[PDB]
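Trainee: only geometry, no sequence info:
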Ligand SMILES: *[C@@H]1O[C@H](CO)[C@@H](O[C@@H]2O[C@H](CO)[C@@H](O[C@H]3O[C@H](CO)[C@@H](O)[C@H](O)[C@@H]3O)[C@H](O)[C@H]2NC(C)=O)[C@H](O)[C@H]1NC(C)=O
Ligand SMILES: *[C@@H]1O[C@H](CO)[C@@H](O[C@@H]2O[C@H](CO)[C@@H](O[C@H]3O[C@H](CO)[C@@H](O)[C@H](O)[C@@H]3O)[C@H](O)[C@H]2NC(C)=O)[C@H](O)[C@H]1NC(C)=O
Ligand SMILES: *[C@@H]1O[C@H](CO)[C@@H](O[C@@H]2O[C@H](CO)[C@@H](O)[C@H](O)[C@H]2NC(C)=O)[C@H](O)[C@H]1NC(C)=O
Ligand SMILES: *[C@@H]1O[C@H](CO)[C@@H](O)[C@H](O)[C@H]1NC(C)=O
Ligand SMILES: *[C@@H]1O[C@H](CO)[C@@H](O)[C@H](O)[C@H]1NC(C)=O
């Protein structure tokens, strides 16, 4: 969950039903509105499943961290590097194998390829796969 | 006859899922695709028995899930294949989205990077520790199962007045007769 | 006939008709005891029994709502019996290879083949 | 098995039918009394016309201004089409299938305090289980309730559920699915599609620091990616009744299944009470 | 009530179309005896035509 901040670099300190404040982190997110537009890293308010998951991990094993979103906003697989003769990765693991970011926290599946490249831990959250449609308004069709 | 007419008029169509006849072929009418260049892409690259639908995908693919659900909101891209949790979350939020049939590819999401890191064992340690204290249920009640409009009551469609609006103007015809027969009343004395 | 509506419902309506007849007689007392109950209990059956008209708008609305409930009950029961008999489909049309009964030895449904025949080795290929 | 909504009788038609019947009643009563004025009826008009559009159960003094008989007959035509459409659409609504909203999850508000509901919802399982360990570590009240409703096996809880001596069972997913698959009556279901506490799988135990671990994990993941789990799982760890439920037909319909009309019945007497006052204070006119 | 129910149930029949029993169907040999005559054909130069 990403939202823009004020000139102070912060944002509304929301709470929950029982009054517990929602954990906020400051994420330095590139301005990836359009390909070619100013795409530069600005402070933003970040919060969500991975955010409080990593804060829980930090509370457990006491690490320090930074958070930021990727530029292209894409998973990444073995694809041709600008119609060259080389099929390589891109996206999160594209820059992870390059050493840009240390650890990944995101709900990524585990196929065979990226598993061969890098090992994975236990699956923190189980999941399945479903088609989604915007149902249909119940209407009986007939003339008169 | 009218009873049989209206009761036998069932709505369409409840997508079964993998075993959908519409899924077995590129549906030019029904628009459905997935997020271009994603995990499902290589999933389908393993089973190229779907290869036909695969080259139906790029012709209507999307570069993000957010614009994919935005398309699902309006006419184009009526259906989108995706993980169960996000899609049921959006379904609970908007109260006008439905899941399929039976779910498939019963996978898991965890965490992993380069092999130079025994941190993943501590990650497994943390996930089991939260299994021993119920912390993923906290995440669920915060984000996933935050109540949020549990939709129900799938009625087999109703009947409304405008559908029968036609019969109504029939009485208007009789209203017209209110200005005709009442002169025929005088004509009843005129003829003799 | 009783499949749609329960004996409790029958008693309920048979007491409610008498109750509303008593109320109708009491209303008609204020500006007809046997004729009123006869008319109401004929209206329960949509019969032409009872030809009098209400002597006040209160009796008017009372008999009005009584007849309303009478016909709504009869409509509900005709629909209920309709749904009961139409939804009672016969069983069972065997699909064939994909029969759920075929996927397991049906102790109830007795089916087999001619012992030691071509189908025997056919099944010996697919054990 | 499911039930019928008490207020389902008004499901076919919204308030549109109420407002339309009232407005058409008033307009045609005005027209009829105006016609009769050309040749006493302003009061009986409502009774006559509603009897026409509703049911010919009460005799009415209808013959007045014989030319308006055309209008009252098309009125009766409205009647004979409207009643048909009602008895059809409502019957269609009555062909609902058994839903049973089940339990949303372990953290369902009903689950934590079943004693607030009559009767209290009873759940239990065999002790000395890891499930009991987790419940004791996290939920003391529900652990005490499970102790109140302890079991001793797997099939005994199944038969208790079959005969109504037990309301629910708590256990892992695989064996419950196996038990439900081959049931002859299919009278037992688990809900959640995997929505369970302590989400865990079947991790193969490996000797510590064994070199095979990585490659064998990659092999079983290749199997996981080969898309063969569906038919093997259908063959081995499931049953035949995992397809879907059926559209059951209701049993002997009880009053409560249409209790809404009974509610209106009460309202009827309320209305009569008001008119009783009109009888007691009618000395002003 | 029972009549309007049972007859409605009978009216929910599905399209049957008794089709043609076979090539030797009595209708097939002399379709001109029926109004309109049943018309069948195929491409010539075929083994079926032979
Ligand atoms: C885990 O829970 C139990 C912990 O004691 C263990 O043994 C069970 O103990 C209870 C309580 O003592 C026994 O209940 C009563 O059974 C008869 C009643 O007629 C008495 O003769 C016993 O003395 C006792 O009071 C259970 O019978 C007993 N269970 C068994 C199977 O012997 C359970 O065995 C443990 N369960 C598992 C699955 O390990
Ligand atoms: C088997 O049957 C045919 C035997 O001659 C053969 O050629 C077809 O011949 C007929 C009759 O001459 C042609 O019909 C007419 O077509 C146009 C009409 O506009 C005229 O220009 C022609 O001259 C002729 O009178 C067919 O057009 C002709 N068919 C073809 C495809 O050319 C068929 O070809 C044979 N069929 C097969 C499948 O081998
Ligand atoms: C991750 O790997 C192991 C798993 O916990 C950690 O090893 C522990 O080391 C701590 C001291 O740092 C000891 O007190 C524990 O006995 C060890 N536990 C186990 C199970 O090995 C290791 O320290 C963790 N890595 C980091 C960076 O903390
Ligand atoms: C984790 O514990 C170590 C050992 O005391 C401590 O120095 C550190 O502050 C904690 N976490 C980090 C890396 O800040
Ligand atoms: C339907 O289920 C109920 C319990 O919900 C049971 O009492 C009843 O007997 C069942 N009906 C049939 C026809 O089996």
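Mentor: Thanks, I have the structure now. Numbering: from 1, shown residues only, chains lettered A, B, ... in the order given. Ligands and ions are numbered 1, 2, ... in the order given.
Trainee: Identify each buried residue in the helix or strand residue C:36 falls within, please.
Mentor: Following DSSP states H and E, one finds residue C:36 within helix C:34-44. The neighbour-count check on helix C:34-44 (16 or more other CB atoms under 10 Å in any protein chain shown) flags C:36-37, C:39-44 as buried. Using the backbone N, CA and C atoms, a C-beta is placed for each residue, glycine as well.
Trainee: How about stretch D:88-108?
Mentor: Neighbour-count burial for stretch D:88-108, counted by 16+ other CB under 10 Å, picks out D:88-96, D:103-106.
Trainee: excluding its backbone neighbours, what's nearest residue 73?
Mentor: All of this is about chain A. Once flanking residues are discounted, residue A:73 sits nearest to residue A:32: 5.8 Å by CB to CB, 6 or more residues apart in numbering or on different chains.
Trainee: if you could check chain B rather than the one you did, that'd help
Mentor: Nearest non-adjacent residue to residue B:73, counting by CB to CB, 6+ apart: residue A:134, 6.6 Å away.
Trainee: That neighbour contacts residue B:72, correct?
Mentor: Yes - under the criterion of CB atoms under 8 Å, residue A:134 makes contact with residue B:72 at 5.7 Å.
Trainee: In terms of neighbours, single out the busier of these two.
Mentor: Using other CB atoms under 10 Å in any protein chain shown, the more surrounded residue of residue A:134 and residue B:72 is residue B:72, with 25 against 19.
Trainee: Now for that one: which residues touch it?
Mentor: When contacts are counted by CB atoms under 8 Å, 6 or more residues apart in numbering or on different chains, residue B:72 touches A:132-134, B:78-80, B:97.
Trainee: next one: residue D:94
Mentor: Going by CB under 8 Å, 6+ apart, residue D:94 touches C:79-80, C:83, D:4, D:8, D:250.
Trainee: what's the nearest residue to the residue of chain B found nearest ligand 1 if we skip its chain neighbours?
Mentor: Of all residues in chain B, residue B:132 sits closest to ligand 1, at 20.2 Å by CB to the nearest ligand atom. Nearest residue to residue B:132, sequence neighbours excluded (CB to CB, 6+ apart): residue D:137, at 6.4 Å.
Trainee: After the strand or helix carrying the one you found, which helix or strand is next?
Mentor: Residue D:137 belongs to helix D:130-138 when assigned by DSSP H and E. Counting by DSSP H and E, the element after helix D:130-138 in chain order, helix or strand, is helix D:140-148.
Trainee: What angle do helix D:130-138 and that next one make with each other?
Mentor: Here helix D:140-148 runs at an angle of 140 degrees relative to helix D:130-138 (axes from the mean of the first three to the mean of the last three CA atoms, to 10 degrees).
Trainee: on contacts alone, who are the packing partners of helix D:140-148?
Mentor: In this structure, helix D:140-148 packs against helix D:109-112, strand D:123-124, helix D:130-138, with contacts taken as 3 or more CB pairs under 8 Å, 6 or more residues apart in numbering or on different chains; DSSP states H and E.
Trainee: so which of the ones you listed comes closest to residue D:195?
Mentor: Nearest of the helices and strands packed on helix D:140-148 to residue D:195, taken as CB to CB: helix D:109-112 at 13.3 Å.
Trainee: So which residues on chain B come close to ligand 3?
Mentor: Counting by CB under 6 Å from any ligand atom, chain B comes close to ligand 3 at B:118, B:121-122, B:125.
Trainee: Sort out for me which of those are in helices.
Mentor: If you go by DSSP state H, the residues of chain B next to ligand 3 have B:121-122, B:125 in helices.
Trainee: Quick check: ChimeraX command selecting the buried ones in these.
Mentor: Here is the ChimeraX command that selects the buried residues among those (16+ other CB under 10 Å):
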select /B:122
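Trainee: if we can go back for a sec, out of the buried residues of helix C:34-44, which is nearest to residue C:2?
Mentor: Nearest to residue C:2 among those, with distances taken as CB to CB, is residue C:44, at 16.7 Å.
Trainee: Tell me which residue in chain A sits closest to ligand 4.
Mentor: Across chain A, no residue is closer to ligand 4 than residue A:62, which sits at 3.2 Å (CB to the nearest ligand atom).
Trainee: picking up where we left off before, among the contacts of residue B:72, which pair sits farthest apart?
Mentor: Most distant of these, by CB to CB, are B:78 and B:97, 11.3 Å apart.
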